[PDB]
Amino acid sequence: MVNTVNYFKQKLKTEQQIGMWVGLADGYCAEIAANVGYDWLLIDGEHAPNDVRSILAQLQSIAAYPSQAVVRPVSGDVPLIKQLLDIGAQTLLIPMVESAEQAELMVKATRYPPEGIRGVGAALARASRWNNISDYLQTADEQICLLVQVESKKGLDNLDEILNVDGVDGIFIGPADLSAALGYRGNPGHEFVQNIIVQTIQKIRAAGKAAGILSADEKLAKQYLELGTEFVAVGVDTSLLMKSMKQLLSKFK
């Protein structure tokens, strides 16, 4: 078997990828999302009740479908990153990255020694298909994609330094965390926050990195796509389930 090609990583340079957030924390729900045709699915290990074992079930569900899986760990924890790579997550989204030093550690966390610090256990890993990918330890690094989130004042204070880190493939803006950090908690739509988001996207792309964001607001998501943003998540499974059920009940009250 040849290593699974990371099409998400390649497409950061060739197209704009439409994403769906997956926080229903279940292999069955992840498969429903996988049937829709999103370019990427974000399995959320930060804000949904997921662990390594439930994330594995969802990677297994999604794997039969063309949608590319991206996993968000609860934090930039090196041993947790090791665990998510070995169950076969090829793209990671690291929340709350705030310095070039932290970004560089996340780069090393995703790469094998001697250049990085990813723990080596290919005999046990779904990532290598238990060494059925015979050259995995030589071909693994090439298909791993590292995305970091800028979503705090400290992240914005270190943006230019993070953008000079080789191995950071993309910077994703978190509007909820960022609007809260800016003293506009629950009000990311305010011009003060949106002007910072637009300037941040423009700086990310000017440094030759992919820019990403999540917005469930169709107008904002379309504006971000018009600006060239490479990976845009346009909704959240929990939100869509709740709103679809509420909108239906409202027709009958």
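Residue numbers run from 1 along the displayed sequence.
Look over 116-124 and 134-142 in the entry and identify the one with the greater average Cα temperature factor.
Of 134-142 and 116-124, the stretch with the higher C-alpha B-factor average is 134-142.
Once you work out the mean C-alpha B-factor for both 143-151 and 162-170 from the entry, which is higher?
In the deposited entry, the stretch with the higher C-alpha B-factor mean is 162-170.
Just grab whichever of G27, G208, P49, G212 has the top CA B-factor as deposited.
The record points to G208.
Highest Cα B-factor in the PDB entry belongs to which of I62, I43, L56, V193?
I62 has the highest C-alpha B-factor of those listed.
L12, C-alpha B-factor rank within chain (lowest, middle or highest third)
Its C-alpha B-factor, which the entry lists for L12, ranks in the highest third among residues of this chain.
Would you mind checking where the Cα B-factor of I204 ranks among the modelled residues of its chain, as the lowest, middle or highest third?
CA B-factor rank for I204: middle third.
Taking only the Cα B-factors deposited for this chain, tell me whether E104 sits in the lowest, middle or highest third.
Highest third, going by the recorded CA B-factors of the chain.
Test of reading the entry: by CA B factor among the chain's modelled residues, which third contains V198?
Tercile = highest for this residue's CA B-factor.
Tell me, lowest, middle or highest third: where does the Cα B factor of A221 rank within its chain?
As the PDB entry reports it, the C-alpha B-factor of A221 lands in the middle third of its chain.
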